[PDB]
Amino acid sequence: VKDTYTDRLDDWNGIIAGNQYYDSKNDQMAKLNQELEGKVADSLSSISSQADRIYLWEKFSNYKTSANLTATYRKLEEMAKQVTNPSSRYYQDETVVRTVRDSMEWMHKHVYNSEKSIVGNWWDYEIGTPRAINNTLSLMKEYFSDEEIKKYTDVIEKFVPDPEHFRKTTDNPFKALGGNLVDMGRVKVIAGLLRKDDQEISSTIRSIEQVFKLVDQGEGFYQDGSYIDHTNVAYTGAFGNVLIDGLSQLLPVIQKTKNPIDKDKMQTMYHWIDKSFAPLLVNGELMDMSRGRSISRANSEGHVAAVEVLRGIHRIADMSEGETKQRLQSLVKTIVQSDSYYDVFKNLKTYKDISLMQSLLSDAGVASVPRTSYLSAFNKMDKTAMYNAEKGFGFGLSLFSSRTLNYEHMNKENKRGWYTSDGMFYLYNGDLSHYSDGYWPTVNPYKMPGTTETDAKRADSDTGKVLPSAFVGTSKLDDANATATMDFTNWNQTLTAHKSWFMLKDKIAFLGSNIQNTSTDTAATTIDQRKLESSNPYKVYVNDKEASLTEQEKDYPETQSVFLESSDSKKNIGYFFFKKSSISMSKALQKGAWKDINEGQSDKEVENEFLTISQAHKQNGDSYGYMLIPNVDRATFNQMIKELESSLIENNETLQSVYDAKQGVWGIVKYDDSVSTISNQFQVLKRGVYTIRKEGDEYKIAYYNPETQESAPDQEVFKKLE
């Protein structure tokens, strides 16, 4: 029956499909249409049309595997999209209409109904499938009777009767928050509209409002921009994605119901965009350190995942007004235009999203200016993101502590992310494809960049752990300078190391001390493991002399520097060792398959060439110290290292500090409360992390106590000399 409920469903259809906006003369839209035409064609030709069939699609036949239910229903949603698209060859097709109706009834009688119980993954029974069913019925509401709609959505009410919890029919339900809570809306708000149930709509929207509250503990968005999910996992880039992507779709509909959400409540979304998401986007790529186990999905590499966030932001801009709308448009526009590697349209899956992006990109009134430098210390999730606009590089520091899990391996995904938070670092430079094109299945998991580990064999069946210490954190001085430390102990408590980082505008110093090993395994720090481009080969220099790397590891004793020279200076990487160090390097082709790190992925062999740099630690009390200097040419790098000749202030078991004389900035990490005199100019007095700048006779102080997660009055931690 056509009423206010169907009106809302019409709006929903315009959002999840947007057939009303389709234009055959629009190349990008025609491309998506062609993709849907092909998917429906394949589904129609491979579907079982035999009496007493045991499945609809042979490749999604084992229904004890919950994933097969969602995949099946999604094929029907695709049919619904095309049967209602005037330009599709399947528009109002009698066979497709009957195929959707008959398939819904078949699955309802033999696979998914109220008399069934969760078998496999609860997510498919409560989120994946219900969403696919809601969308199918919404799109084809003019072909189904209200009784049929209520009949096919009864199963949804059986598995998801409570808008505040998931796994309600199990022996361990949980409180819905974040991304999951948003999906709760895409399940019950739409189901409510389809069933014309006001109580379901109102109660669900009320539950959804919890999402706008910032938290100071547990799962959710924090004031400092961090986002935690799954109890204690940094997750802005995966579950946070689902949250903004799904919520931006729902809001236009929710705001037109009899239960619209207060404007002041939704105000926090802008905080998420500017504080949480924006910093994690560099040249169109969403930083992997925020994506949890999703890094192990071949169809979701960094640039693809970023689009989930960007399309969400764009929709929010569209529903905003004035300056707010204008600036959000500019944010999306500059990020998209800075991405010369990935075509944003490859992940805009509805006509309205495509249309919005096209108008934005062609609107001269919307400014597209390169983003400025920034540095975000996401202490509540132990990650740090840095971006230098002058030189054009981004830097990500991935840590964990007693407050956070190191890596997530679940649902057979991310089987080898063991060391992705053991002080792993990311460098975002001119090669926008670096962490893409098969990086994850080919990178050697035992040598993640920046990590100090023993060479012990690790099991794919292992799961994450928290760190014994709470002494992990970042002290930020300004948009270009910060200092971080991690009181590191490895997975089996056989190795320790005081690892610290000194972000000094256009370079990052890496210092490690107190390196100890009680095992029979060899210990070493991976200085880098960089994925190469066959098109842009690097010329390697050691102590400014060209070196020829081989698949076989070569030792370079008394190394003062290593320089990776590209034809594009924006891809150059230099490493300056404060004190001559003994390192080893190799360049080799590494093969692997996505299935190796994610059971549900393809076993197809992938291969990439990597340049690995390592420093062995054969004695207790060992240390390492070097400066990473990106994006400068060879002559400039050589000049800079001479300027940094005496930049290392100290690197021992209680004090680590680097000084940038050009800036007049000091980075300092203290592991005890002894009085530390620095550069015969001032003293720092407390265990913690510091970033200090001298501006003649004045001193700006940034102190952070990572264990208590508090700063402190200047006189408690700093004292100028004389």
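A residue's number is simply how far along the shown sequence it sits, counting from 1.
Colleague: Read off the CA B-factors in the entry, average them over 112-120 and over 422-430, and name the higher stretch.
Modeller: For C-alpha atoms only, the mean B-factor is higher in 112-120.
Colleague: Compare the mean C-alpha B-factor of 494-502 with that of 96-104 as given in the PDB entry, and name the stretch with the higher value.
Modeller: Higher mean C-alpha B-factor: 96-104.
Colleague: At the C-alpha atoms, which of 582, 590, 535, 236 reaches the highest B-factor in this entry?
Modeller: Across 582, 590, 535, 236, the entry lists the biggest C-alpha B-factor for 535.
Colleague: Using only the C-alpha B-factors in the record, can you name which of 525, 267, 241, 601 has the highest?
Modeller: If I rank 525, 267, 241, 601 by C-alpha B-factor, first place goes to 267.
Colleague: Sorting the chain's modelled residues by C-alpha B-factor, tell me whether residue 217 ends up in the lowest, middle or highest third.
Modeller: Middle third by C-alpha B-factor.
Colleague: Please place residue 132 in the lowest, middle or highest third of its chain according to the CA B-factor in the PDB entry.
Modeller: Middle third by C-alpha B-factor.
Colleague: Splitting the chain's C-alpha B-factors into thirds, which one does residue 464 fall into?
Modeller: Its C-alpha B-factor belongs to the middle third of this chain's values.
Colleague: Considering every modelled residue of the chain and its Cα B-factor in the PDB entry, is residue 317 in the lowest, middle or highest third?
Modeller: Answer is middle: the recorded C-alpha B-factor places it there.
Colleague: Based on the entry's values, in what third of the chain does the Cα temperature factor of residue 13 lie: lowest, middle or highest?
Modeller: As the PDB entry reports it, the C-alpha B-factor of residue 13 lands in the middle third of its chain.
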